[PDB]
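Note: ideal-geometry Cβ built from the backbone for every residue, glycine included; neighbour counts use all protein chains shown. Computed from the coordinates by the stated procedures, all read-outs in this text should not be read as laboratory data.
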Amino acid sequence: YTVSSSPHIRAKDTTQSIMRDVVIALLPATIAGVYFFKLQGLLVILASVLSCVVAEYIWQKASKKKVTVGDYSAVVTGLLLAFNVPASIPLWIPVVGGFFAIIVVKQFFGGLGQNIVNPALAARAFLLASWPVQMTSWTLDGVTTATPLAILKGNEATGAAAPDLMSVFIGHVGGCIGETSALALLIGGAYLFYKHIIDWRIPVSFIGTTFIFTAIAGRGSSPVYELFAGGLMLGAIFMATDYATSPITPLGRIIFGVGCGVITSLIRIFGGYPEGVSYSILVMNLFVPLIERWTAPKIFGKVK
Amino acid sequence: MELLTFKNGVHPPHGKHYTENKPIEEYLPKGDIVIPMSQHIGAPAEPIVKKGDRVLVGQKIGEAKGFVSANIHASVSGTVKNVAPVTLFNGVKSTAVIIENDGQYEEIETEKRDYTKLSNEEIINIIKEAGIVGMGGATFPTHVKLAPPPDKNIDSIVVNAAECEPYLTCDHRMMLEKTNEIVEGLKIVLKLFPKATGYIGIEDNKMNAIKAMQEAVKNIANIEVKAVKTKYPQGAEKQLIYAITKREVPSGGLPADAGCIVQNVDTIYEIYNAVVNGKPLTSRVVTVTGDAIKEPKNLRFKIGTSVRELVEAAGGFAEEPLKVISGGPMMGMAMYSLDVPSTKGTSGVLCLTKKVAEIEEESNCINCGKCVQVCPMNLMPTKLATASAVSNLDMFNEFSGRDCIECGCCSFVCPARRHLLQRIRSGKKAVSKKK
Amino acid sequence: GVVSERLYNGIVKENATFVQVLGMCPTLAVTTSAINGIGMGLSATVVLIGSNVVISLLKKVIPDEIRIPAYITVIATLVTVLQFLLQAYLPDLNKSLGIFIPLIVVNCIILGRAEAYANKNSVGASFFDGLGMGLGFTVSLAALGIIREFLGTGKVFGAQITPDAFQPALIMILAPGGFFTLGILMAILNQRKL
Amino acid sequence: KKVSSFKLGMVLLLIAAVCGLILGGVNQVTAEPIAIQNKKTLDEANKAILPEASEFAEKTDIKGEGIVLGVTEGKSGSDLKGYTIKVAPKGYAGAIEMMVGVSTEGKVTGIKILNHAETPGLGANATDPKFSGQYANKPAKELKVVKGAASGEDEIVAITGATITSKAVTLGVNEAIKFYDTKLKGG
Amino acid sequence: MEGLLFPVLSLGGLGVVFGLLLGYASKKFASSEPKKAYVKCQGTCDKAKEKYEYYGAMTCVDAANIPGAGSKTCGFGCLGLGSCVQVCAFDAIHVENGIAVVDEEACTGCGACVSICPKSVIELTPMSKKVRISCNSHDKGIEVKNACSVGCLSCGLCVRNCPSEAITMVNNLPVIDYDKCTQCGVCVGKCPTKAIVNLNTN
Amino acid sequence: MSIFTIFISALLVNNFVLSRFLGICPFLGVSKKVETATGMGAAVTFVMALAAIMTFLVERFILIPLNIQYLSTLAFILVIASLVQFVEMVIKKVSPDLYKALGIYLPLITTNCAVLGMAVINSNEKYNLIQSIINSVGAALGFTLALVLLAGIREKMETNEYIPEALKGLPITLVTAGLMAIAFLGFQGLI
Ligand SMILES: Cc1cc2nc3c(=O)[nH]c(=O)nc-3n(C[C@H](O)[C@H](O)[C@H](O)COP(=O)(O)O)c2cc1C
Ligand SMILES: Cc1cc2nc3c(=O)[nH]c(=O)nc-3n(C[C@H](O)[C@H](O)[C@H](O)CO)c2cc1C
Ligand code: SF4
Ligand code: SF4
Ligand code: SF4
Ligand code: SF4
Ligand code: SF4
Ligand code: SF4
Ligand code: SF4
Ligand SMILES: [Fe+3]
């Protein structure tokens, strides 16, 4: 009555010790993002997470399975769709966006890690395309307000007087709940690199190529100011570096990281949109099997 | 010296501190021996022997009916109770000879006590008489291994000294207790081959072992130190050749195509035992280990003792283990039962505790990318293990999954605890079936 | 009198969109209000009966190298007869405009049909399954277009049914969002029939 | 399987030719209904925008020279009631081709947008009656776009979230107003 | 009338000339009674000890390549892991209680289910020949003793007792040749273990 | 209207399958493997393009003395029928089975819904020649690009057991392509 198989150890860390380390790793970025926004922004993040998690729980009872809720996939997706919203929306619009984030993009395509794209970007693209006027608000200090990415083209608001570059790190800049606190998001990526959750080969190449496009473009009081602006600090760290979307190969990663700034910065500058860290990762995530096929590691004994 | 390594790998936990600094006590046998003819790779020898004969140490038990088989020898003097068939832990019904110990320890005399005069063809023959297996890993007879067909000229002989595996101290002792003898045999292994210079390849983690060795290598030319970095799987034959002489092994190949022939140190000490001390394989070191055992131990077993009595000699189970292990923790097969006879291909025994041995029913693969990072061969396993389940064999062959060494490293890092290797093993058997 | 089953064979099994997946190209382009598609399916129905009645009188005299060029020309003549009806008799001036009217000569269904069936089917044996096929066509629209319209504006047949603020969803009516409704709805057609 | 090109070519030419003849006969018969129905749809949109005029005649001597491509004069018998002005200001995503009705009394009676490339479902469209109906009875003076509450006499409420579109439409009408004062008041 | 001629002559400047390029270039370059699968294993949980708890794939084809040759004490029964339900899309086969069982009236005879099993427990049989053997054993029966209570013990009375002799003792197993059999059916009481099973449609 | 404005205009921001739904009927068909699926678009870089030259000959002066556009719907499409039975002869010239692996769509290459829709599109703006030809090569590269991208998704979807029973094969492909349209929706301000 003795258990048997062929390797006998398989010990390092469970996917709960991956995910849960990410759910603890963004906590200084969220606690730094929340106290300007008060309780007002807390309702969208708790109700979007709990709606996302119980929406996966309805699909475990469809075709039968053991519940993966305890692997903590379902919490990370919820905690990232809530980062994309400005705080003044009614809650049901995110709750239907979390139901799209699970039930279509993840559970129709398979289980955890089989989907070809990030759900939070797909639910966000569905959200911003369906009710943009609900998404227009930039609630901080009461009034609707300008954000730096619109004024940097100069094409839009008459009212512009840009915040000083130190003020963005504190989080005083308006816009969405996570992305403004770029220094504590650096504190969370500095924690995540210490656990060897993720290689440098995506964030370093992606931040480097949008810095080259913003430097030859010339657009800012400094070229450096664009890198902390917007969601791009989330998109080099939490978004594109997601296991399931990301390519497996060591060279496949850096082609995906160089080519993400080929498409993001063009929507930032030549494009009419305020930002490109979203609609850019969905195209480069759809490119991945054509990357992963032709880019393979060299075999240890190739002929010739 | 500087610590060379191959490009990719893991750092499995180092369990050796329980066992590393203890004497090799002899185990005198108590219960009856059984000898299974099947222990060498390839087809078993039929025994010559039949029931009720007197038998002795160093008798051949059975002529090797094929090009790749090697002579058996009894561990002990005794009598033939029965040419009984018996299970191995694989569950093949191997032929075997029961030998009750008489307790008397008769041995046939044989001595030589020089190598230097001898013709090299007399060495390959006396090594076919000795019947010696290559001791670690997969278990070739060494007499085919010393004889390439001529066109693949040697450049060198590294030993494969690097005992990468957790909890396996069995080679570290042979280095402390008898370093001349292993360099003596090396000088021998080098008499059969000139042009090829010799190298030791010990890991840095036994720094005390090479620092004992370092005085012995000063007075002679072709042997020299090559310390290596601690990384599983250094003991695989295809990676150590890239590590030292820096040719890459050809795919599908043999070590003679790389011009060098790895050996275990245990084989070295036993080739020295055959050409000089005149005796074959009565014995090998087990390393029994694990916290469920009442003490860590390092027995010299007499071949063909039942494993149950051997672990009871080691102190027995503080609690019942959930996974007794032939061989090392990774590569080795697990026991069907404790009852099985010990065999020359055993190099150690483990008795894992609940604190490790509990795994989980697996989650779906997350596409983490760690398994491509940790394969030494830069094979891309998740497509291969996914290819056996649909049996889409052209994807197995374009990915070159016939190549893989079954190191077990690709299962070891997975957060999902997908266990890939059994799908790799079923696909490697199906490619032998239909190609 | 086999018309009753030949129709249920054309709509349960030969149906253009839920099964056969020819002819999606109007079926997603026209859906943005359901009337426009009910007129797209009715105009598709009268051209679908009218192709097979003319082509099966023509059927015997075609060499096998040119099985398609006569068929695309007679559908071009039939297509023009209706587009000239569209400019004159009954424009209604929404189905005249937001339909992509020329696209019925290059509808994927009818030429993917006439080679498959009306060539080897009888001239009479063509009027019944063409009427049924066209009927399935509107049906394979109207169940979809009521769903895409009701989750859009909420104005089924153009008419309000809810407070305008609760239903400002529109992405369905947009171009990505109709495909998701087909991937819900045809999966609902298969799961009952599984 | 005889496939000679002479037999094929004569049968081919025949079938294509009979289809072309029949289409030509249909073409000669259909011209008059198309002309009345086209005239009726232009006149119907025109009567809805400028209800005091019954008859409309294009001022064919004046080719537009700025963003205006043509003008239609509105009469009720001999009296001039106004003009319909086609304009295409640059919006955020492209030109907004629209007709603007202007009375001889100097009020904008309304607008109708014809092109569908302006703001593809983003915000609320300018074609919505809640926005487009606000231009009725405004003075023919420069209208201004506001952030906030409407005053009436000179303010146009921007579509929420689509302030760029409202600025573009209001710019196009104001340029049409400027065209009215320089080319249209008194002929 | 004068404008009617223009569509047909203007069509004729593309008119013949595409069929001038076409076929001038196209001429340049133009049985028995049906078989039915049957399991030859009876090992419901209680009737055979498994020697060991099994970490693994939960597919039967994977379980061959582990020490101990899969979970059963018998080397030759099915494991019950159910990899053969994946290949029979017709779904005659239901696993229950750790064994496969074909449903007797759905199976096509399509025969891929034999090749997928490492243990080769399936044998195609004629549907008519209702007496059928039900183990795969290749062993002395004292090793069956501690293992499978249902098993054939190579006990060998059955070759003495069949008049038609549709039986032969190949490789320590019964091996019926079904066409010789008359289905006389005395053999079902002859086995103490009931390793034979008549399908009993009477 | 300039050539770099035009060639992006079918490649990305207003791709024929990903917003307009021109071309959707083949797009569920030979997506099955990328090594076959690129050759349907390599067939499309001729058909779409030589018909754009031949429809310009109708728009040059063969229509012009009639001074009526109405005949064109019965016209250049017969020339599109001429170009496709020419290319079944050269698919068989060395390597037939290249596009024969799903050859039920081989006829629909006469009658792809996109292939008229560059041309009626070309004939509903009265473009000067070379802008129409770079519009043809950009619609063919965008059709080839979306078909190869769905081919890289459906190689993965055929080797994934976890999808719900009813959904297997085709309906999940409608879930992708519209999600693939969700990817292209953010290009709208670039052109
Ligand atoms: C993954 C792998 C790891 C191995 N590790 C060792 C080892 O740590 N020690 C060892 O003596 N042999 C090891 N071997 C066995 C060798 O392949 C080869 O058999 C050995 O280097 C020489 O011993 P031999 O005389 O049996 O050939 C390993 C083999 C493989 C495939
Ligand atoms: C650091 C980290 C970040 C992740 N971020 C996301 C994410 O933003 N969205 C997501 O869907 N999955 C994310 N995942 C993986 C997630 O559990 C699941 O694989 C998704 O369904 C992606 O396919 C992340 C995983 C890790 C380790
Ligand atoms: S076992 Fe095979 S897949 Fe795993 S690391 Fe070794 S070679 Fe790579
Ligand atoms: S098997 Fe494990 S290591 Fe390999 S890709 Fe899947 S999750 Fe990552
Ligand atoms: S004896 Fe019969 S039931 Fe038991 S394992 Fe073997 S075949 Fe299966
Ligand atoms: S084929 Fe044989 S071993 Fe495989 S699952 Fe079916 S009965 Fe079990
Ligand atoms: S695979 Fe064929 S023979 Fe075997 S059970 Fe299924 S249908 Fe019957
Ligand atoms: S009689 Fe019964 S036990 Fe004896 S061999 Fe025949 S079937 Fe097996
Ligand atoms: S059924 Fe009757 S005839 Fe057939 S084998 Fe058994 S005993 Fe013999
Ligand atoms: Fe189509």
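Over all orientations, the stretch A:146-205 has a Cα convex hull whose mean projected area works out to 5.3 square nanometres.
So what are the stretch D:52-184's ellipsoid semi-axes, whole angstrom, largest first, if each one is the square root of 5 times an eigenvalue of the alpha-carbon gyration tensor? Don't skip to the answer; put the middle values down first.
Numbers: eigenvalues 128, 55, 33 Å².
They are 25, 17, 13 Å, listed from largest to smallest.
Magnitude of the Cβ-charge dipole of the protein assembly as shown, K/R +1 and D/E -1, about the Cα centre, nearest 20 debye? Provide the component values of the computation, followed by the final result.
Working: 139 positive and 118 negative charges, 443 e Å.
That gives the protein assembly as shown a dipole magnitude of about 2120 debye.
What shape does the stretch E:22-71 take by its C-alpha gyration tensor, where a ≥ b ≥ c are the square roots of the eigenvalues and a/c under 1.5 counts as rounded, a/b above b/c as prolate, and the rest as oblate? Taking the square roots of the gyration eigenvalues as a ≥ b ≥ c, the stretch E:22-71 is oblate.
Equivalent ellipsoid semi-axes for the stretch C:3-137, as square roots of 5 times the alpha carbon gyration tensor eigenvalues: give them largest first, rounded to whole Å. Don't skip to the end; give the middle numbers.
Working: eigenvalues 114, 66, 34 Å².
Rounded to whole Å, the semi-axes are 24, 18, 13.
Protection proxy ranking, highest mean first, for peptides B:258-269, E:17-28: B:258-269, E:17-28, where packing is the per-residue count of other beta-carbon atoms within 10 Å, averaged. For the stretch F:62-141, the pair-distance distribution built from all alpha carbon pairs, in bins 5 Å wide starting at 0, is 3, 12, 18, 21, 19, 13, 7, 4, 2, 0 percent. A Cα-only calculation for the stretch D:56-122 places Rg and Dmax at 13.6, 44 Å.
In the stretch E:21-134, the ratio of gyration radius to Kirkwood radius, Rg to Rh, stands at 1.32 when only Cα atoms are counted.
Return the ratio Rg/(2.2 N^0.38 Å) for chain E, where Rg is computed over Cα atoms only. Numbers along the way, then the final one.
Working: Rg = 30.1 Å, N = 202, 2.2 N^0.38 = 16.5 Å.
In units of the globular-protein estimate, chain E measures up at 1.82.
With each label modelled as a point 7 angstrom along the Cα→C-beta vector, the C:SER4-E:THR108 pair spans 3.3 nm. With each label modelled as a point 7 angstrom along the Cα→C-beta vector, the A:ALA161-F:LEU98 pair spans 6.7 nm.
Highest mobility in the GNM of chain D, judged by mean-square fluctuation with C-alpha springs under 10 Å and restricted to D:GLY123, D:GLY106, D:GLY20, is found for D:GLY20. Among the residues of A:99-112, the average count of other protein chain beta-carbon atoms within 10 Å of the residue beta-carbon is 4. A cut-off of 5 Å between modelled amide H atoms, ignoring neighbours fewer than 5 places along the same chain, links F:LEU18 with no other residue.
Taking only DSSP H segments of four or more residues, each worth -39500 (n - 2.57), what value at 222 nm results for the protein assembly as shown once the sum is divided by all its residues, to the nearest 500 deg cm²/dmol? Working shown, then result.
Numbers: 54 runs with 580 residues, N = 1513.
Helix contribution divided over all residues of the protein assembly as shown: -11500 deg cm²/dmol.
According to the Kirkwood relation over distinct C-alpha pairs, the hydrodynamic radius of the stretch B:210-281 is 14.7 Å.
The peptide list E:67-79, E:97-109, put in order of mean Cβ contacts within 10 Å with the highest first, becomes E:67-79, E:97-109.
Computed from backbone phi with θ = phi - 60° and the Karplus coefficients 6.51, -1.76 and 1.60, the 3J(HN,Hα) list for the stretch E:165-176 is 6, 5, 8, 8, 8, 6, 6, 6, 9, x, 9, 5 Hz; x is used for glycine and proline.
Would you tell me the mean number of C-beta atoms belonging to other protein chains that fall within 10 Å of each C-beta in B:145-154, as a whole number? Don't jump to the answer; show the numbers that get you there.
Details: counts 0, 0, 0, 0, 0, 0, 0, 0, 0, 0.
Counting Cβ atoms of other protein chains within 10 Å of each residue's Cβ and averaging gives 0.
Radius of gyration (Cα atoms) of the stretch F:3-186, expressed as a multiple of 2.2 N^0.38 Å: 1.10.
How many times 2.2 N^0.38 Å is the alpha carbon radius of gyration of chain B? Provide the component values of the computation, followed by the final result.
Working: Rg = 21.9 Å, N = 435, 2.2 N^0.38 = 22.1 Å.
With N residues counted in chain B, Rg over 2.2 N^0.38 Å equals 0.99.
Using the alpha-carbon positions of the stretch D:1-49, Rg (one decimal) and Dmax (whole number) come out as 20.8, 66 Å. B:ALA221 to B:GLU406: FRET efficiency via 1/(1 + (r/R0)^6), r the Cβ-Cβ distance, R0 35 Å, to the nearest 0.05? The pair B:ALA221/B:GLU406 has a calculated efficiency of 0.40.
Note on chain F: GNM, Cα springs under 10 Å; of F:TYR99, F:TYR127, F:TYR70, the largest mean-square fluctuation is that of F:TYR70. A simple rule links phi to the HN-Hα coupling: the Karplus curve 6.51 cos²θ - 1.76 cosθ + 1.60 with θ = phi - 60°, which for the stretch F:46-54 gives 8, 3, 3, 9, 5, 5, 5, 6, 5 Hz, with x for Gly and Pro. Taking the stretch E:17-33 and a reference point 7 angstrom along Cα→Cβ of E:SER128, the backbone N atoms nearer than 16 Å belong to E:31-33. If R0 is taken as 60 Å, the Cβ-Cβ distance between E:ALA30 and D:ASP128 corresponds to a FRET efficiency of 0.45. Output the pairs from C:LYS59/D:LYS1; F:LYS32/F:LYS92; F:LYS32/F:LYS156 with a Cα-Cα distance over 18 Å in this structure; if there are none, say none. Beyond 18 Å between Cα atoms: F:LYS32/F:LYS92.
Using a Förster distance of 60 angstrom, determine the FRET efficiency expected from the C-beta separation of D:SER151 and F:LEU57, and round it to 0.05.
On the way: r = 60 Å, r/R0 = 1.00.
Calculated value: 0.50.
Give the Debye-formula value of log10 I(q)/I(0) at each listed q (0.12, 0.20, 0.26 Å⁻¹), with one equal scatterer per alpha carbon of the stretch C:104-179, two decimals each. Debye curve over Cα of the stretch C:104-179, log10 I(q)/I(0) at q = 0.12, 0.20, 0.26 Å⁻¹: -0.52, -0.88, -1.16.
With an 8 Å Cα cut-off and a minimum separation of 6 or more residues, compute the relative contact order for the stretch B:167-277 in percent. Spell out each step's value before the answer.
On the way: 91 pairs, mean separation 32.5, N = 111.
In percent, rounded to a whole number, it is 29.
Centre-to-centre, using Cα atoms only, the stretch C:18-75 and the stretch F:159-191 are separated by 28 Å. log₁₀ I(q)/I(0) of the stretch B:370-433 at q = 0.16, 0.22 Å⁻¹, via Debye over equal Cα point scatterers, no solvent, to two decimals? Summing over Cα pairs of the stretch B:370-433 leads to -0.43, -0.83.
The mean of 1/r over all distinct Cα pairs in the protein assembly as shown, once inverted, gives the Kirkwood hydrodynamic radius of 38.9 Å. In summary, the helical segments of chain A meeting the span-like criteria, namely a full DSSP H run, a Cα extent along the axis of 20 angstrom or more and a mean Kyte-Doolittle hydropathy of at least 0.0, are A:42-60, A:203-217, A:250-268. In this label model, C:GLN191 and D:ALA57 are separated by 6.8 nm, measuring between points 7 Å along each Cα→Cβ vector.
Using a cut-off of 27 Å between Cα atoms, the listed pairs A:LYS66/E:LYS119; B:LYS191/B:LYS428; B:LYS383/C:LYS193; B:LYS117/B:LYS145; B:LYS22/B:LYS302; B:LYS50/B:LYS117 include A:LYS66/E:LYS119; B:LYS191/B:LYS428; B:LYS383/C:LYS193; B:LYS50/B:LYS117 as exceeding that distance.
Across all directions, the average flat footprint of the convex hull enclosing the Cα atoms of chain A is 19.9 nm². Could you put C:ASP64, B:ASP32, B:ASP171 in order, starting from the residue whose Cβ has the fewest other Cβ atoms within 10 Å? Final ranking by Cβ density, sparse to dense: C:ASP64, B:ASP32, B:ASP171. Counting only other chain Cβ atoms within 10 Å of each residue's Cβ, the peptide B:401-413 averages 2. The stretch between A:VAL204 and A:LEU91, if pulled fully straight at 0.36 nm per residue, gains 37.1 nm over its current Cα-Cα span.
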